[PDB]
Every structure is written in structure tokens, then in C-alpha cells.
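1. missing the sequence, but the structure's below:
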């Protein structure tokens, strides 16, 4: 990025039992723009493949990931946060990498 995109932040709230790990994610935008929905992107290192989802249009591309949060569940002003969750299965390894990337801008984990 030869300019100065955003740099929001998304935290993770995992909650698994035998292997299925839920994921309570909370976005945090502090850049400086009216976030009326968005599409972040990154990927799952281990075999973390999401299945269910709400308040977030998740999409696993082979092994990577992307989430198009609807406009309603994504109507937060540059000074606020958003939140969504899903249920993915794994095998016991590393999931949430680090700084994902909003639709056109980076985003450091929370």
C-alpha cells in the first residue's frame, strides 16, 4: 500500500470442546471512516475450516478465508467496533494468524 489505508483490529474468542472450536470475533476500526459493511481477508494456517456463521458472511477459499460482514452488522463509525462469530473444526494447532486485512486495508489481531 503506497499511501495509508486503515489498520483496524480484530480479536478472537475461541471456544472448542472435542475439536469443533467456535470463534467469537470482534472488529475494531479506529482508522477514520464510516464503516458501513466490509470484507476482510486472510487465511487459516492450520486446518481451521469454518462451517456455521452469523453476522458475517464468511467464505473459506480452499484454505484461506474472507468475511463480508453485512451492512447492518457492520455499520460502525471509524471510532467503534463490530462483531461476528462462527463454528469451525480443527485438529489442535494455530488458527488466527496475526494482522488480517480489511477490504483494502490491514488489521492487527486483537
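-> Received, thanks. Numbers count the residues shown, from 1 in each chain.

2. Residue 27: what's it in contact with?
-> Residue 27 makes contacts with 8-10, 40, 69, 76, 81-84, 107, as judged by Cβ atoms under 8 Å, 6 or more residues apart in numbering. For the C-beta atoms, the positions are set from N, CA and C on the backbone; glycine is no exception.

3. likewise residue 54?
-> By Cβ under 8 Å, 6+ apart, residue 54 lies in contact with 84-86.

4. A strand includes residue 73, no?
-> No: with DSSP: H, G, I helix; E, B strand; the rest coil as the criterion, residue 73 is located in helix rather than a strand.

5. Pull out the buried positions in stretch 70-78.
-> By 16 or more other Cβ atoms under 10 Å, the buried positions in stretch 70-78 come out as 73-74, 76.

6. Quick one: distance of that stretch to the chain centre.
-> Centroid separation for stretch 70-78 versus its chain: 14 Å, with Cα atoms, centre = their mean, to the nearest Å.

7. Pull the residues that contact it.
-> Outside stretch 70-78, the residues that touch it by Cβ under 8 Å, 6+ apart are 27, 29-38, 55-57, 82-84.
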